[PDB]
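These notes are about the structure you will find just below.
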Amino acid sequence: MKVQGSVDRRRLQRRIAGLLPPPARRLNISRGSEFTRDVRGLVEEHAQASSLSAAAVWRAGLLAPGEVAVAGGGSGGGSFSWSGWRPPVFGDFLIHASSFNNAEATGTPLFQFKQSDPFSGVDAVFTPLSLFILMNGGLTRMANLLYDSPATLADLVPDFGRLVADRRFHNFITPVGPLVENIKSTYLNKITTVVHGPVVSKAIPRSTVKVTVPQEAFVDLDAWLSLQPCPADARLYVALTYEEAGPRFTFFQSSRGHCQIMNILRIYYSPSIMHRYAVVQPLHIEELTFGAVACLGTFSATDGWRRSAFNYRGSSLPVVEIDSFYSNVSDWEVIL
Amino acid sequence: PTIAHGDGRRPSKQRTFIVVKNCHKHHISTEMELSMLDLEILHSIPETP
Amino acid sequence: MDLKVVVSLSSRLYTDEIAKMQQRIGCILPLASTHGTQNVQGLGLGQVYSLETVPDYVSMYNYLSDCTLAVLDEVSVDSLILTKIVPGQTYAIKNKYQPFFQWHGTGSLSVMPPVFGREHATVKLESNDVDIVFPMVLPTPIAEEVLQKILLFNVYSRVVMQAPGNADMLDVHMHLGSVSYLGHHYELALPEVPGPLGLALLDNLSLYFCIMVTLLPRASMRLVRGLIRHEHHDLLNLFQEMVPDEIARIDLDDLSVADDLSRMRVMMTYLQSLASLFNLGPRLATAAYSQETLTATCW
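Chains as they are written, first to last, in the UniProt record's numbering: chain U, 1 to 136, 149 to 238, 255 to 364; chain E, 100 to 148; chain Y, 1 to 299.
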C-alpha cells in the first residue's frame, strides 16, 4: 500500500546533502571569544605536498577528484572551488647547458625561440639577458660576465640576420613564463617554468617566487605620464622594437587597459619612430613594421614591484622584482 | 499654552506640534593580509623541532 | 569570495527618489575603489560626465575600462548595496536601461557611456547633492555602430563644420544623427564640438590608414573594376556604373601573384592590431535570457 513510484526521496536527500554546503565566509567576531577554532577554519588554507607515507597522503588529501587537494575524506570537497584558485600549469624544456647560465634568478621570465627543424630533441630558450647578447657599465657588463662566446647564441638562431630585416623576428619568439625550478645537468639541463597560472615555487621548504627584470629595461608607464580610478590588477608587457642601432627589448607596467596602452606607446615611441623613419630608412614592403607588444600577466597594483640588486662574480645589476605574479600570455600586437 | 489678553486681538486657539527624527547608519571596514605559506602550515602537523 | 560594496549616503534621501533608484535594480555602474565600504562621490559615472565641463565620450570610455564594475542589489534610505564584477565569476544581470533594446539569447553585451541621452541615465540625488549616471549596455553588434556614428561625426562636422547651405543636415544628421533599430529610431546625443580625446583617437586611425593604403593588393582592385560594369550585385549598388577615378590610376601595372601574397600578409597583421583600437570598453558574454524575466546571465 506504499506504491513504489519513483526514486526514493530518502536516498536523494543523502546525496544532495554533500553538494549543498558552500565554502564558508562572513564569520562574526566576539572579543568575549577573542579567537575560536571556527576562525581557524575560515583562515586555514590547507595546501598540497604530502610526505609520501601511506596515510600521510590521505591525511593531506592529495587523492581528491578535484583539481585542488581537500582533506576530510568523504566530508571534504564541499567548497567546489577556492574563489577560482587554479593550480599552475608547468612547461618543461630540454636545453643545452652552455646556452643557459645556472646563476639566473629563478623568477626571470623566459622566452623560447621556435626552431625550424622538425624532429628536434632539444629546445632553445632565452632569458632577457641572453636576448641582449644575441641582439647585439649597466646591462652590458653583467650580460657579458654571464654569457661569453656570443656565438653559442647566434647558432641557435641561424636566421637572425634575415628575421630582423624582414620584421618577422618577434613572431618566432613566444613568451613562456618565469623560471620556477632549474636542474643543473652538465650536458642537457631540465628547465621548468610556469605557463598560465599563479607562479609558486615547488620547493619543499615552501618559498615565494618573485619575477625579476633588469632595471635598465623596466619602464614604468604609469608615473611616466605623471578623479581617476584605482583598480586592483596591473599588467606587465614586453616590446620588441626594430630600431636603427638594433632591435630592443623593454618592459612596461600599467593598469589602464589595452586600448589606452596601445595609444600611450605610440606617443612613447614617437621620437624613435621619427628618427628611424628619417632619411636613414627608405620605404619598402616589409621594412615598415616597427614593433610588437605582448602581455605577460597580471599582478596587484598599488604595490608589488620593489627594487633590488642581482650579484654575480662581484658585480651587481639593478633589478626590479614583482610580487605574486599571475602568468597569462597573449599574442603579439603590431604597433605603428 | 497661551495668555488671555484685554485687546480685541485675534485669539490663538489651542496649538500643537508634531516632529519626527530618524536614524542614520554608519559602516566601518579594514583589510589585513596574510601569506599562503603562513596559512598552510597551520593545517599540517609538524614533524621535527 | 565575499564580493560586496556598501555605499553610505551622508544625508537621508527623499521618499519620491527611493522609487526611482529601485527601478534601476540589477544595473551595472562603475566603482572607483574596490573596498568594502565607500562614499557616493565615486559611485556613478557622474564625475567624468559633469554638467559644467563639456562632455567627451572617449574620456568616459577610458574611465569605464579603468574602473571596477558592480551590480546594484538593494536600495535603502541610507545605504546602497552592490556586488563587484570579477573576471572568474558569473553574475545574474538584468536589462533595465531606459532606451530599450531586446537582447539576443547567448550574445555578447557591450558597456558604453550614456550616448542616447544624458536625461535617460541620471537619477538625480537632490538630497545628497549628487547625480548617479549609469552606463548603457547594448548588444555588441549595435554598440559597434553607435561607436562609428560618434567618430565619423567628429571628422565630418569638421569639414562641413558650419555651412550656411544645407551641407550639414544633408547627410550628417541624415546618416550619423540616429541609430535605427528594429521598428524603432533612437536619436543620438551628438556633441556640438569635440575638443578632447576624440581627435586624438582618430589620429591613431589615420596612422593605420596611411600605412595600409600602400599595402592594398592590386588583384582586388582589378576584380571590382570589372564587377561594377559587367555583373550586378546588391553590394555593388553603392557604386553606380561609373568606377572611381582613383582605382583607374593605381591599377596600371599587370598582376603578379608574388607581390599580392606579401601585401595580403603584411596588411593582415595591421588589421588584427586594428581590432584592439575599436574596443574602447569592456564587453560581457551572455548565456541565457528570458524576455518575460528580463534577466540574462552575463559573465
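Backbone N, C-alpha and C define an ideal beta-carbon position, used for all residues, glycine too.
Residue burial classification, residue i (beta-carbon count within 10 angstroms, cutoff 16)
i, result
"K222 of chain U", "buried"
"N166 of chain Y", "exposed"
"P164 of chain Y", "exposed"
"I85 of chain Y", "buried"
"residue 302 of chain Y", "Any question about residue 302 of chain Y goes unanswered here, given that chain Y covers just 1 to 299."
"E361 of chain U", "buried"
"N95 of chain Y", "buried"
"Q281 of chain U", "buried"
"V266 of chain Y", "buried"
"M154 of chain U", "buried"
"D123 of chain U", "buried"
"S262 of chain Y", "exposed"
"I127 of chain E", "exposed"
Inter-residue CB distance, residue i and residue j (contact presumed, cutoff 8 Å)
i, j, result
"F181 of chain U", "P275 of chain U", "7 Å"
"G26 of chain Y", "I93 of chain Y", "6 Å"
"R225 of chain Y", "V213 of chain Y", "Contact flag wrong, Cβ pair sits at about 18 Å."
"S358 of chain U", "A322 of chain U", "6 Å"
"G46 of chain Y", "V130 of chain Y", "6 Å"
"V211 of chain U", "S355 of chain U", "6 Å"
"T68 of chain Y", "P114 of chain Y", "About 19 Å separates the two Cβ atoms, so there is no contact after all."
"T297 of chain Y", "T90 of chain Y", "7 Å"
"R174 of chain U", "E314 of chain U", "The Cβ separation is near 11 Å, so there is no contact."
"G77 of chain U", "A60 of chain U", "No, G77 of chain U and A60 of chain U are not in contact; Cβ-Cβ is about 14 Å, not under 8 Å."
"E17 of chain Y", "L125 of chain Y", "7 Å"
Check whether residue i and residue j have beta carbons under 7 Å apart
i, j, result
"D351 of chain U", "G332 of chain U", "yes"
"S328 of chain U", "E349 of chain U", "no"
"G319 of chain U", "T278 of chain U", "no"
"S213 of chain U", "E271 of chain U", "no"
"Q22 of chain Y", "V75 of chain Y", "yes"
"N128 of chain Y", "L9 of chain Y", "yes"
"residue 399 of chain U", "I216 of chain U", "Residue numbering for chain U in the displayed model covers 1 to 364; residue 399 of chain U lies beyond these limits and cannot be assessed."
"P191 of chain Y", "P55 of chain Y", "yes"
"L134 of chain U", "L165 of chain U", "yes"
"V188 of chain U", "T205 of chain U", "yes"
"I142 of chain Y", "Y57 of chain Y", "no"
"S108 of chain Y", "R283 of chain Y", "yes"
"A189 of chain Y", "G117 of chain Y", "yes"
"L20 of chain U", "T108 of chain U", "no"
"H286 of chain U", "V89 of chain U", "no"
"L12 of chain U", "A24 of chain U", "no"
"residue 300 of chain Y", "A121 of chain Y", "Because chain Y in this structure spans residues 1 to 299, residue 300 of chain Y falls outside the shown range and cannot be described."
"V111 of chain Y", "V137 of chain Y", "yes"
"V48 of chain Y", "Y63 of chain Y", "yes"
Rounded C-alpha distance that separates residue i from residue j
i, j, result
"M161 of chain Y", "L170 of chain Y", "12 Å"
"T101 of chain E", "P110 of chain E", "9 Å"
"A287 of chain Y", "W299 of chain Y", "8 Å"
"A19 of chain Y", "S59 of chain Y", "31 Å"
"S83 of chain U", "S180 of chain Y", "43 Å"
"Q115 of chain U", "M1 of chain Y", "44 Å"
"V6 of chain Y", "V40 of chain Y", "10 Å"
"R158 of chain Y", "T317 of chain U", "31 Å"
"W236 of chain U", "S344 of chain U", "26 Å"
"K120 of chain E", "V39 of chain U", "39 Å"
"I81 of chain Y", "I132 of chain Y", "15 Å"
"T129 of chain E", "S276 of chain Y", "38 Å"
"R334 of chain U", "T106 of chain Y", "44 Å"
"residue 366 of chain U", "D73 of chain Y", "The structure shown has nothing for residue 366 of chain U, since chain U only spans 1 to 364."
"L151 of chain U", "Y61 of chain Y", "40 Å"
"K124 of chain E", "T83 of chain Y", "19 Å"
"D234 of chain U", "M302 of chain U", "23 Å"
"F100 of chain U", "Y340 of chain U", "15 Å"
"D171 of chain U", "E246 of chain Y", "40 Å"
"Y97 of chain Y", "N204 of chain Y", "32 Å"
Proximity test, residue i beta-carbon vs the ligand ADP heavy atom, cut-off 6 Å
i, result
"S352 of chain U", "The model depicted lacks the ligand ADP and carries no ligand whatsoever."
**Q.** Contact between the region 24 to 39 of chain U and the region 48 to 64 of chain U (3+ Cβ pairs under 8 Å)
**A.** no
Just checking, does the region 287 to 298 of chain U make contact with the region 210 to 222 of chain U on the three C-beta pairs under 8 Å criterion? no
| message | Using a Cβ distance threshold of 8 Å, determine whether the region 233 to 241 of chain Y contacts the region 270 to 281 of chain Y, with at least three qualifying pairs required. | response | no
Margin query: Tell me whether the region 210 to 219 of chain Y and the region 240 to 255 of chain Y touch, counting them as touching only if at least three CB pairs, one residue from each stretch, are closer than 8 Å.
Written below: yes
Does the region 65 to 74 of chain U come close enough to the region 13 to 25 of chain Y that 3 or more CB-CB pairs lie under 8 Å?
no
Taking contact to mean at least 3 C-beta pairs separated by less than 8 Å, is the region 29 to 45 of chain Y in contact with the region 135 to 144 of chain E? no
**OP:** Would you check if there are 3 or more beta carbon pairs closer than 8 Å linking the region 95 to 108 of chain U to the region 119 to 128 of chain U?
**Re:** yes
Below 8 Å, how does it come out for the region 90 to 101 of chain U and the region 194 to 204 of chain U: are there three or more Cβ pairs, yes or no? yes
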